[PDB]
Amino acid sequence: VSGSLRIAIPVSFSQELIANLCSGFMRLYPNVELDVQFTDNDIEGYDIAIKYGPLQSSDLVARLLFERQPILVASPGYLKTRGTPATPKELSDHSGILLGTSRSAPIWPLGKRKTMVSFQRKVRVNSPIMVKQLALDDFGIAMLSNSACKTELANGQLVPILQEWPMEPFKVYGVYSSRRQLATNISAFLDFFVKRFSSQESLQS
Amino acid sequence: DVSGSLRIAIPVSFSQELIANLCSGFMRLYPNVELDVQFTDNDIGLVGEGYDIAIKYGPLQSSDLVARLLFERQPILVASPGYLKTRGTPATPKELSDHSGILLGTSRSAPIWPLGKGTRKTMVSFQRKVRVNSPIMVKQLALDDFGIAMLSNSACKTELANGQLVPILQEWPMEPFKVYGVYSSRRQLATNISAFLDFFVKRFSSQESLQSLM
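Okay, here's the thing in structure tokens:
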């Protein structure tokens with residue numbers, strides 16, 4: 090396992106988390122050089142693109158890496174001031190904190208009871224760090240990973256709402272070219288990535 | 089009146105935690121502003137339906153933009169004691185080409201640092217062990233002994249004071265870097281824009297816990 094590995098990762102991934110992962114990877118494989126770009130471009138000479146599902150027709154070779162379960166939450170202060178929405182249709186009268194890029198719409202798919212609803216777009220940002228802080232700071236309703244916020248849920252700083260209409264889990268994949276189907280550095284990296292996001296101190300985002 | 093929407097573009101290398109704290113404070117002061125904040129390294133427009141503000145590192149190179157200096161930092165070259173104990177300490181810039189560097193950069197950034205005794209800087213190359221567009225990852229990898237890194241002496245104050253990072257080549261410093269908020273001249277109505285940029289400086293400069301973030 091050697092050579093160079095150029096990897097694209099959405100801006101919504103935690104840079105702290107990916108840093109810890111790449112450190113452990115390089116410790117195991119000392120002869121690999123890394124070029125990691127946090128970017129929201131739809132992938137430019139990349140060996141691996143990390144992507145959220147669903148995969149597109151251009152994604153001809155891919156590996157499922159992990160899944161996460163989002164949940165809708167707000168702070169108790171927000172719910173005291175604005176009320177607790179009783180059904181998804183009431184989200185239209187509520188402030189939401191949208192995780193998205195410059196063409197992402199303030200629409201959330203809820204239920205399985209399956210429906211798509213809008214909300215007042217108080218903030219749009221492509222940073223989960225900022226989404227979480229703004230939710231804690233009483234600004235409105237946010238979709239957060241149930242694993243990313245277990246402490247805040249346990250201590251009541253975030254409150255789950257509309258639990259009768261759960262969201263579909265999201266899946267994360269690694270996409271790579273069939274030209275590199277035999278590449279040992281790609282396989283080594285994705286194996287290490289899967290082990291971290293499945294059994295580790297890394298299940299925090 | 090400060091109200092309506094503000095759209096802000098920010099480099100991917102910029103602290104998301106710092107921006108989150110400042111945006112929370114801004115919206116608590118101005119409850120009628122809706123924010124659209126995008127961390128991006130793409131070229132973005134500053135007119136019409138494009139962005140209202142871009143946060144940009146120096147140098148400024150464009151007329152038709154107005155700029156407000158948000159803060160300035162002094163980068164220094166550092167490595168961990170563990171790195172230096174095994175690879176040796178470079179004595180001159182010429183020796184850096186034999187050393188591992190952790191490069192902060194995007195897809196066209198070269199593995200060079202401009203170093204110089206005085207104002208005149210010269211390109212100094214290193215082995216590109218890592219390139220990444222994240223100061224957080226750069227710092228962690230330097231702390232974990234993977235190579236030499238350019239780091240802000242503010243972001244790394246604690247690690248320098250206690251020895252987990254060690255400055256090198258101190259006789260060939262780098263230029264400071266400067267962080268601006270920029271907006272279009274061809275765009276007037278800068279009530280919300282000026283309110284944001286001046287709140288940024290007022291809150292950043294009075295909160296020590298924020299100054300450590302970059």
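One line per chain: the protein sequences are B and A, in this order. In case it helps, the authors' numbering puts the first sequence at residues 90 to 132, 137 to 205, 208 to 300. If you want the authors' numbering, it's the position in the second sequence, counting the first as 1, plus 88. Don't be surprised by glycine CBs; every beta carbon is placed ideally from N, CA and C.
Beta-carbon within less than 6 Å of residue i's beta-carbon, same chain only, minus the 5 sequence neighbours each way: which residues are those?
i	result
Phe214 of chain B	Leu184, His187, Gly189, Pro199
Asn120 of chain B	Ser91
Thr210 of chain B	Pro181
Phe292 of chain B	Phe159
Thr279 of chain B	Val90
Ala97 of chain B	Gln126, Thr128, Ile132, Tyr139, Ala142
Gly170 of chain A	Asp233
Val270 of chain A	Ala142, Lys144, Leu153, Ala155
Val100 of chain A	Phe127, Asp129, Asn221
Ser93 of chain B	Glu122
Go ahead and label residue i buried or exposed: buried means 16 or more other beta carbons lie within 10 angstroms of its beta carbon, across all protein chains shown.
i	result
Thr128 of chain A	buried
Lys290 of chain A	exposed
residue 86 of chain A	Absent from the structure is residue 86 of chain A, since the part of chain A shown begins at 89 and ends at 302.
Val135 of chain A	exposed
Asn250 of chain A	exposed
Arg208 of chain B	exposed
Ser150 of chain B	exposed
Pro178 of chain A	buried
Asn221 of chain A	buried
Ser300 of chain B	buried
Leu192 of chain B	buried
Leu277 of chain B	exposed
Measuring only the C-alpha atoms, how far is residue i from residue j?
i	j	result
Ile164 of chain B	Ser168 of chain A	41 Å
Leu148 of chain A	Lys182 of chain A	30 Å
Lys144 of chain A	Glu105 of chain A	17 Å
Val254 of chain B	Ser112 of chain A	19 Å
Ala243 of chain A	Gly204 of chain B	44 Å
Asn109 of chain B	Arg275 of chain A	43 Å
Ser195 of chain B	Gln126 of chain A	7 Å
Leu298 of chain B	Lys245 of chain B	11 Å
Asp124 of chain A	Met225 of chain B	12 Å
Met115 of chain A	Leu172 of chain B	18 Å
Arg219 of chain B	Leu229 of chain B	11 Å
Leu117 of chain A	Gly206 of chain A	44 Å
residue 206 of chain B	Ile281 of chain A	The model of chain B omits the segment between 205 and 208, and residue 206 of chain B is among the residues lacking coordinates.
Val212 of chain A	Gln252 of chain A	24 Å
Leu285 of chain B	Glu122 of chain B	15 Å
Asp232 of chain B	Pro202 of chain B	24 Å
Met262 of chain B	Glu296 of chain B	25 Å
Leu248 of chain B	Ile256 of chain A	45 Å
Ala237 of chain B	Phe265 of chain B	15 Å
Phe288 of chain A	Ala283 of chain B	43 Å
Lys227 of chain A	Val166 of chain A	10 Å
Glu137 of chain B	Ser294 of chain A	42 Å
Is the CB of residue i under 8 Å away from at least one CB in chain C?
i	result
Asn280 of chain B	Considering every chain present, this structure includes no chain C. Its protein chains are B and A.
Can you list, in chain order, the residues of its chain whose CB lies under 8 Å from that of residue i, leaving out five sequence neighbours each side?
i	result
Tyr268 of chain A	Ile143, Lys144, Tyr145, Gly146, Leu148, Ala155, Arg156, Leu157, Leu158
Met302 of chain A	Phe102, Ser103, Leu106, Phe159, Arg161, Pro223, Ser240, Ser242, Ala243, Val267
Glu259 of chain A	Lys205
Ignore the nearest five residues each way along the sequence and tell me which others in residue i's own chain have a CB closer than 7 Å to its CB.
i	result
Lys217 of chain A	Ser188, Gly189, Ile190, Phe234, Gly235
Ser273 of chain A	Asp152, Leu153, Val154
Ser197 of chain B	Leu191, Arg219
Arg95 of chain A	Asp124, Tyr139, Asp140
Based on DSSP bridge pairs, tell me the residues matched to residue i.
i	result
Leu94 of chain A	A:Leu123
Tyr145 of chain B	B:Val267
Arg161 of chain A	A:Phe265
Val166 of chain B	B:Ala237, B:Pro255
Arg156 of chain B	B:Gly269
Runs of alpha helix (DSSP H) lying entirely within the region 183-239 of chain A, each at least 4 residues, in chain order: Residue ranges of uninterrupted alpha helix (DSSP H) with 4 or more members, entirely inside the region 183-239 of chain A and ordered along the chain, are 223-231.
Inside the region 265-294 of chain B only - beta strand (DSSP E) runs reaching at least 3 residues: The DSSP assignment places 265-270 as complete runs of the beta strand (DSSP E) inside the region 265-294 of chain B, in order along the chain (cut-off: 3 residues).
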